[PDB]
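Following: one structure in structure tokens, then a few remarks.
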Amino acid sequence: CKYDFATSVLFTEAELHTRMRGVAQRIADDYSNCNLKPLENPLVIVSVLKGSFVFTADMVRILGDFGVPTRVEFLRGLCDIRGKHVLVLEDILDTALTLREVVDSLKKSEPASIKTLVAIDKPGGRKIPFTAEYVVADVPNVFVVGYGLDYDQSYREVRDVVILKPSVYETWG
Amino acid sequence: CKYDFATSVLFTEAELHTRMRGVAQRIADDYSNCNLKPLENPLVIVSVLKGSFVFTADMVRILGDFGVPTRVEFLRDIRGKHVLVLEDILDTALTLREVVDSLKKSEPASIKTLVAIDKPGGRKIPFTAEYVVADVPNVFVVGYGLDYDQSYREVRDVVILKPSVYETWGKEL
Ligand SMILES: Nc1nc2c(ncn2CCCCCCP(=O)(O)O)c(=O)[nH]1
Ligand SMILES: Nc1nc2c(ncn2CCCCCCP(=O)(O)O)c(=O)[nH]1
Ligand SMILES: [Mg+2]
Ligand SMILES: [Mg+2]
């Protein structure tokens with residue numbers, strides 16, 4: 001493997017960006033009827049979990065390439081969402097307990113609409129039923145780091161999503 | 001100009017990244033005597049101002065390429081840790097002065113600052129960042145995380161905003 005701390009590389013930065021451009025085209029199509037505009041009517045991006053800064057930085061730039069103007073809020077997102085379209089971003093979706101709570105909280109402010117976009121979905125991890133509208137990639141029952149995802153606050157800066165070696169968290173634990 | 005809301009492009013994404021690679025080499029050299037390591041001894045990145053998520057996401061990935069492992073904290077467990085405060089824009093220096101002086105109370109091993117856009121003609125107190133990606137004159141810019149009323153952060157380049165944008169939007173408000 002390319003990294004001494006990883007068993008294998010699951011998604012390279014380039015693979016993640018190819019997938020994100022595919023998702024951005026779908027988002028551009030799906031919101032084309034909304035007359036989004038900078039200042040007057042941006043898509044409100046609500047980024048959830050500290051590590052999602054990486055995904056959110058890349059995704060809002062790709063969305064801008066596809067003609068979807070945004071404004072960003074971080075929950076790690078309350079003022080001025082009534083009547084606005086909201087897209088909630090999260091780097092990983094596993095049990096879905098966080099995103100369920102966030103979406104329900106935001107619904108109380110009566111946005112025009114709310115959808116979710118996740119970089120890594122672990123659908124085997126659910127503790128409640130939950131389907132994200134947009135998913136960049138799926139991961140099975142494996143522990144990954146990279147692309148914002150940490151192990152004890154390290155490895156968020158790895159450009160790829162990789163499986164962390166057991167010998168790393170075993171020694172550190 | 002490729003942007004109808006801008007009168008000039010000052011720094012492209014590519015130019016910013018070239019300059020960030022130059023800075024990351026200097027950081028790798030300057031911190032070589034700190035034996036930075038993931039988990040045991042990461043460089044602590046303290047990202048200040050909401051819009052700095054873009055710079056921070058790119059910069060921690062570039063630092064990783066140069067052998068400088070990080071952990072990230074956001075403002076808008078550090079005693080004996082090296083702290084590098086990141087901010088997308090340095091202007092009056094009032095924010096960074098306050099943040100640096102606050103962090104010093106927690107007895108970090110060292111503290112330095114790294115800014116993406118320095119506007120040296122904006123100072124209201126004396127302040128020199130240790131690392132600067134690019135200097136901008138006294139003009140109002142957006143892009144690369146920098147906003148006008150929460151819009152245009154997703155523009156990939158740092159551009160001078162067209163006066164008609166804020167003259168007109170100013171009258172909407
Ligand atoms: N970095 C990392 N974290 C993981 C992994 N599997 C589970 N986690 C905790 C996720 C914490 C955030 C909560 C997300 P929800 O509420 O469970 O959907 C994984 O593979 N990698
Ligand atoms: N978007 C944008 N905002 C600007 C610009 N110049 C000043 N600002 C306010 C700065 C906000 C953060 C505070 C930085 P400090 O405390 O003055 O050093 C500029 O050129 N563009
Ligand atoms: Mg955390
Ligand atoms: Mg703000």
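Labeling convention for the structure tokens: chains A, B, ... as they appear, residues from 1 per chain, ligands from 1 in order of appearance.
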- Can I get the residues close to ligand 1 as an MDAnalysis selection string, where close means within 7 Å and we count only C-alpha atoms and all ligand atoms? chainID A and resid 92:99 142:145 149:151
- Item | All residues having an atom within 9 Å of ligand 2 (only C-alpha atoms and all ligand atoms) as a PyMOL selection string | chain B and resi 49+51+87-98+117-119+122-124+136-143+145-150+152-153+160-161
- Message: If we count only C-alpha atoms and set the cut-off at 10 Å, which residues sit around range 6-22 of chain A, ignoring sequence neighbours fewer than 4 positions away in its own chain? Please answer as a PyMOL selection string.
- Response: chain A and resi 1-2+26-27+55+58-59+62-63+65-66+119-120+134-139+144-147+158-168
- Residues of chain A near chain B: apply a cut-off of 9 Å, count only C-alpha atoms, and supply the list as JSON, numbers by chain. {"A": [38, 39, 40, 42, 50, 51, 53, 54, 55, 56, 57, 58, 59, 60, 61, 62, 63, 64, 65, 69, 70, 71, 72, 73, 74, 76, 147, 148, 150, 151, 152, 153, 154, 155, 156, 157, 158, 159, 172]}
- Per DSSP on the backbone, filter chain A down to the residues in strand (DSSP E or B) and report them as a PyMOL selection string. chain A and resi 6-11+37+41+43-48+70-75+85-93+113-121+134-138+144-146+149+151+154+161-164
- Among the residues of chain A, find those DSSP assigns to alpha helix (DSSP H) from the backbone and print them as JSON, numbers by chain. {"A": [13, 14, 15, 16, 17, 18, 19, 20, 21, 22, 23, 24, 25, 26, 27, 28, 29, 30, 53, 54, 55, 56, 57, 58, 59, 60, 61, 62, 63, 64, 65, 97, 98, 99, 100, 101, 102, 103, 104, 105, 106, 107, 166, 167, 168, 169, 170, 171, 172]}
- Query: Of the residues B:133, B:86, B:173, B:14, which is the one nearest to residue 26 in chain B, using only C-alpha atoms?
  - Reply: B:133
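The two atoms in question, CA of residue 126 in chain A and CA of residue 82 in chain A, are spaced 29.4 Å apart.
Near residue 112 in chain A, within 8 Å and counting only C-alpha atoms, sit residues 82, 83, 84, 85 and 86 of chain A, not including residues fewer than 6 positions from it in the same chain.
In terms of minimum interatomic distance to residue 9 in chain B, B:159 ranks closest within B:159, B:33, B:121, B:167, counting only C-alpha atoms.
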